[PDB]
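# Coordinates in review
So you can see what is in the structure, the chains are spelled out below.
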There are 2 protein chains.
Amino acid sequence: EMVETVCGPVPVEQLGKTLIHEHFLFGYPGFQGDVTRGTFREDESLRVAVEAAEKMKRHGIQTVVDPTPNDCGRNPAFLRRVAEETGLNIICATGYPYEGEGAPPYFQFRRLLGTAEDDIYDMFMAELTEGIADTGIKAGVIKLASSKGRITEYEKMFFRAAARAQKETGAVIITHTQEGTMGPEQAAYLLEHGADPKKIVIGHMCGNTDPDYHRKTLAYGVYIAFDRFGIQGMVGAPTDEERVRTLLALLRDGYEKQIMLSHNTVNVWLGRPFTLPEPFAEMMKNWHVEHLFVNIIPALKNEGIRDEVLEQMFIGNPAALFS
Amino acid sequence: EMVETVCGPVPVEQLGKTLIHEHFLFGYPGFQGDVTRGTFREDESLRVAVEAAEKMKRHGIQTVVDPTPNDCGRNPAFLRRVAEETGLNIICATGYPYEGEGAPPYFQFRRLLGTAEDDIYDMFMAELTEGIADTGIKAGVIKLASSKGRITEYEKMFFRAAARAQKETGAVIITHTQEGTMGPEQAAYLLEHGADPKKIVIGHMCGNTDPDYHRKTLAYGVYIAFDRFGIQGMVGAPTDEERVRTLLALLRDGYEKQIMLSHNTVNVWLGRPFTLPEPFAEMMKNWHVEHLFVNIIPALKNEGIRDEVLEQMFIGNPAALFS
Ligand SMILES: CCCCCC(=O)CC(=O)N[C@H]1CCOC1=O
Ligand SMILES: [Fe+3]
Ligand SMILES: [Fe+3]
Ligand SMILES: [O-]
Ligand SMILES: [O-]
Ligand SMILES: [Zn+2]
C-alpha cells in the first residue's frame, strides 16, 4: 500500500504516471578515481536534475524509479533535493552493476571468505528496511544486472540475495539485461529461488528484437521494460524503429499489462565530461526524458494504440507492480 | 631535490629510512557500494593509522610511500592528518589498479571514445603538479599495475601515460606485479616508451622465487621491491622463507642498490570488516608494519647481511630513487 521514496513512504495509489528507469546521476565504476578532473558539481547537477524533473512533469510524470547501482553514483540525499524541489516522487534502488561494467573485486573478495551472498542480503535488507547510509532514505527497489549471454557466478550471488530479501520484504526487483540476452534466464532463475513474478521487472528487454524472446520472458508472469528508448547505435542497442516494431507486436498480442517503457537517461554523468562523435551523437540525439512523449508515444497512437493501453503501461503497471 | 608529500615538499635528503609500499587505508573497488554496512569510521581509522605510524617510527622509519590507487580509498587529507600528528613523511600516488582487481568501466568507456590515454596523462599531470581534488596535496609517485601474465591493453594505456608524465615531471613510477609475473615485461615496456629506469620501482617482485626472473628485471636498471613481507597463503603468494631465500641470493650477488623492502600492509580496510578464516588467519598473522624489523631483518642479519646493506635498501635507495 506504501512504497519508500526519497521523501519517505508514498501510497502506491498516488504514484500515478511513472517512468520505470531513468538516472538523475550515473557514473561508470571507476569514475571515483578521476575526482581531480571529474569533480561532482553539486549546484549545476541539481539544476539539470531539477530541469529533467520539470520536463518529465510537463508530460504528466509524477514518479520516477532511479535504479542507479550503489557504486555508480547513487545519491539518495541528492535525489531528495530533486524531489523536495519539484514534488516528483523518486524511488531509488539497492543493487550492484553487472560484472562487465562493474567493480566486482570487493564482493569477489568476500566470496572468497564465504560471506558474500549473506553480506549482499544484509545490505539489501538494511537499505530496504532501515535506510541508505545516514540519509534516512530506503530503497524501494532491488536492482539486479547480468552480463551478455551469461548470468555469472558473481552476479548469481546478487540474484539469490535479491530473492531472499524479496521473500522477506516484498520488494520490487528491477533488472538490467545486457545486449538483449538472458531475459528468460533471469526470470527462471529468480523464480527458481522463490521470487514473485508479479514483483519483477526484466529490464532492457528492448535490446532484443525477436518477439519470441519477449514472449519467453513474459511467459514467467514478470514485467518487461522497453526502457532504453533513444539509445541507438551504441554497444549493441537496436534502433527505436525496431523497439517500436517489437513493442507493437507485443501490444497487438495483448501483453500491455506486463510492459513498461522508459529511456534509461543519464541526466548528469559523473566523472569527467565527454562528447560523442556525431555519428553516434546524432543517433543518440533523442536520448532525453521527453522522447517517449514527443516522438514515440504519438507514433504508437498513429499505429493503433489507444489511450487506455498507454495508461495501463504508464499508470496501471507501476501501481500493480508496487502493491 | 624535493619530493611532494601529504605535507608539501620535503627535501629528498631528509626522507631518511623509508618504507616504499604500505597502505594506511585501502578498499577493493566496489567497497563504495557497501556504504551502509561498511561506512568509513574516520576517528577510529585515524587512531589506527596514527598508531601504525608510531609503530613504524619506533623502528626508525621517517617516510612511508602509500601507493593506494585513486579509486581504492586514496585519501590525501586523511594521510595529511596522520602525517601532521606523527611527523611521518607520507608520499601518496596517482594511478589506477590493474584490470583484475579494479573497476575498468570508466576508462574503458573513454577508450572507446578515444580520449582515455590522454585523460590518464591529464590526471597524472594534474595530481603530480597541481593537486589531488581540493586537498592541495600532490602525489609524489605514479602507481601502475598489471594483471597476471599480461599487461592488458587497458593497463597499457596507463603505462604509456605514466611514461609521458614521467618524461615531463621526472616523477617516480611505482608498480604492482600480479603473482610474480610481468616484471621484465613492465620494465621493458616502460623503457620502450622512454621512462627512466632510475625512477621506476617494479613492485611485488617477491611474488617470484626464481632469482633468474629478478635478474632479468634488474638488468633494465630499475629498482625492484620485496614489498609484501607477511603476506602468506592469499593471492598465491610465496612464504616469507621463500622471500628471504630469493632476497639473500640477490644480495649475495651484489644487487642491494636496486632493492627495497616493504610489507604492503592495509592498516584500515575500507568497506565492511572481515575476519580471515583460521587457515589464512594464521599464515597472515605477521602481516603488520613491524614485521620486517621484528622478524625479517633479524633473520637477514643472522645470514650475514651487514647494516650498511640494510641502510642502502632503507635509506640510500629511496634517496637515490627520488633525487
Ligand atoms: C549523451 C551521452 C551518450 C553516451 C551514453 C552511452 O554510451 C550509451 C550507454 O552506454 N548507455 C548508458 C545509460 C545507462 O548506462 C549506460 O551505460
Ligand atoms: Fe539504467
Ligand atoms: Fe599495495
Ligand atoms: O542502466
Ligand atoms: O598492493
Ligand atoms: Zn599491489
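Definitions and limits used
- Residues numbered from 1 in each chain as written, not as in the entry; some residues may be left out.
- Chains lettered and ligands numbered in written order.
- Heavy atoms only, no water.
- UniProt positions renumbered as here; feature names shortened; annotations may be inferred.
- Pairing = 2+ DSSP bridges.
- Helix = DSSP H or I, 4+ residues; strand = E, 2+ residues; numbered from the N terminus.
- Contact = heavy atoms within 4.5 Å.
- Axes fitted to C-alpha atoms, helices over the stretch in contact; angles between N-to-C directions.
- Donors = N, O, S within 2.8 Å, 3.2 Å for Na, K, Ca; no water.
- Tetrahedral: all angles 85-135°; square planar, octahedral: opposite > 155°, others 65-115°.
- Buried < 20%, exposed > 50% of the residue type's maximum accessible area, 1.4 Å probe, protein only.
- Salt bridge = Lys/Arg side-chain N within 4 Å of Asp/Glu carboxyl O.
- Polar contact = N/O pair within 3.5 Å; in protein donor to acceptor, adjacent residues only side chain to side chain.
- Near = heavy atom within 4 Å.
- Areas by Shrake-Rupley, 256 points an atom, 1.4 Å probe, with all protein chains shown as cover.
- Nonpolar A, V, L, I, M, F, W, Y, C, P; charged D, E, K, R; others polar.
- Least-squares fit on C-alpha atoms.

- For this coordinate set, the PDB header names X-ray crystallography as the determination method and states a resolution of 1.7260 Å.

- Per the PDB entry, chain A goes by the name Phosphotriesterase and belongs to Geobacillus kaustophilus.
- Under the UniProt heading Sequence similarities (unreviewed entry), the note attached to chain A is "Belongs to the metallo-dependent hydrolases superfamily. Phosphotriesterase family."

## Observations concerning the sheet that holds strand β5 (residues 63-66) of chain B
Residue and element names in this part refer to chain B.
- Taken in spatial order, the eight strands of this open sheet run β3-β5-β6-β7-β8-β9-β10-β11, and their pairing is parallel. The outermost strands of the open sheet, each flanked by one partner alone, are β3 (18-19) and β11 (259-261).
- Pairing between β5 and strand β6 (residues 89-95): four bridges, direction parallel. Within β6, the position partnered with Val-64 by the bridge is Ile-90.
- Running over the sheet, helix α2 (residues 76-86) touches β5 and β6 and is turned about 170° from β6.
- Packed on one face of the sheet, helix α4 (residues 116-129) meets β6 and β7 (141-145) and runs near 165° to β6.

## What about the coordination of the iron ion (ligand 3)?
Residue and element names in this part refer to chain B.
- Protein ligation of the iron ion (ligand 3) involves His-21 (NE2), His-23 (NE2) and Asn-264 (OD1), the donor distances falling in the range 2.0 to 2.1 Å.
- Coordination at the iron ion (ligand 3) comes from four donor atoms whose angles at the metal span 88 to 136°, giving a geometry best classed as irregular.
- Spacing between the donor residues of the iron ion (ligand 3) along their common chain follows H-x1-H-x240-N.
- For the pair the iron ion (ligand 3) and the zinc ion (ligand 6), the metal-to-metal distance amounts to 3.6 Å. Here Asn-264 lies in the loop between β11 and β12 (266-269) and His-21 lies in the loop between β3 and β4 (23-26), a separation of 243 residues in the sequence.
- For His-21, a relative accessible area of 1% gives the class buried.
- You can call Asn-264 buried: its relative accessible area is 9%.

## Some remarks on the interface of chain B and chain A
- The interface of chain B with chain A comprises 42 residues on the first partner and 40 residues on the second.
- For the interface between chain B and chain A, the tally reads seven salt bridges.
- Of the charged contacts, one joins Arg37(A) and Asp122(B) as a salt bridge, the two residues approaching to 2.5 Å between their closest N and O atoms.
- Taken together, the links from chain B to chain A amount to 28 residue pairs in polar contact.

## Things to note about the site of ligand 1
- Ligand 1 sits among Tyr28(A), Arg228(A), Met234(A), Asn264(A), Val266(A), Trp269(A), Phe274(A), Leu276(A), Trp287(A) and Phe109(B).
- Ligand 1 sits at a junction of chains, with neighbouring residues supplied by chains A and B.
- In this structure, an oxygen atom belonging to ligand 1 sits 2.3 Å away from a side-chain N or O atom of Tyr28(A).
- Within the complex, 83% of the 450 Å² of free accessible area of ligand 1 lies under protein.
- Taken together, the residues of the shell around ligand 1 break down into eight nonpolar, one polar and one charged.

## Considering the sheet that holds strand β6 (residues 89-95) of chain A
All names here are of chain A.
- With respect to topology, eight strands assemble into an open sheet ordered β3-β5-β6-β7-β8-β9-β10-β11, the strand pairing being parallel. The open sheet has two free edges, formed respectively by β3 (18-19) and β11 (259-261), since each of these has just one partner strand.
- In this structure, strand β7 (residues 141-145) lies alongside strand β8 (residues 172-176), joined through five bridges in parallel fashion. From the neighbouring strand, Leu-144 faces β8, where its bridge partner is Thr-175.

## Details of the coordination of the iron ion (ligand 2)
All names here are of chain A.
- Every protein donor of the iron ion (ligand 2) is accounted for by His-21 (NE2), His-23 (NE2) and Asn-264 (OD1), and the metal-donor separations fall at 2.0 to 2.1 Å.
- Considering all four donor atoms around the iron ion (ligand 2), angles at the metal cover 84 to 128° and the coordination shape is irregular.
- For the iron ion (ligand 2), the single-chain donor residues occur in sequence as H-x1-H-x240-N. Linking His-23 in strand β4 (residues 23-26) with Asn-264 in the loop between β11 and β12 (266-269), this pair joins segments that are 241 residues apart in sequence. For the residue pair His-23 and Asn-264, the accessibility class agrees, reading buried in each case.

## With respect to the relation of the copies chain B and chain A
- In the superposition of chain B on chain A (RMSD 0.2 Å, axial shift 0.0 Å), the rotation amounts to 180°. As the rotation angle and translation indicate, the two copies are arranged about a two-fold axis. No C-alpha of chain B lies nearer the rotation axis than that of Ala103(B), which sits 2.2 Å from it.
- In this assembly the copies share their binding face: 95% of the residues contributing to the interface of chain B also contribute to that of chain A.

## Concerning the pattern of salt bridges
- For the coordinates displayed, the defined rule picks out 47 salt bridges over all chains.
- Between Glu51(A) and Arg58(A) there is a salt bridge whose closest N-O contact spans 3.3 Å.
- Judged by relative accessible area, which is 54%, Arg58(A) ranks as exposed.
- Note that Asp240(A) is salt-bridged to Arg243(A), the shortest N-O span being 2.9 Å. Here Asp240(A) and its partner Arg243(A) are both found in helix α8 (residues 240-252), three residues apart, which amounts to about one turn of the helix.
- Take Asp240(A): its relative accessible area is 7%, and that puts it in the buried class.
- Each member of the salt-bridge network shares a partner with another, and the members are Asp34(A), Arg37(A), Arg272(A), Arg110(B), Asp119(B), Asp122(B) and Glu130(B).

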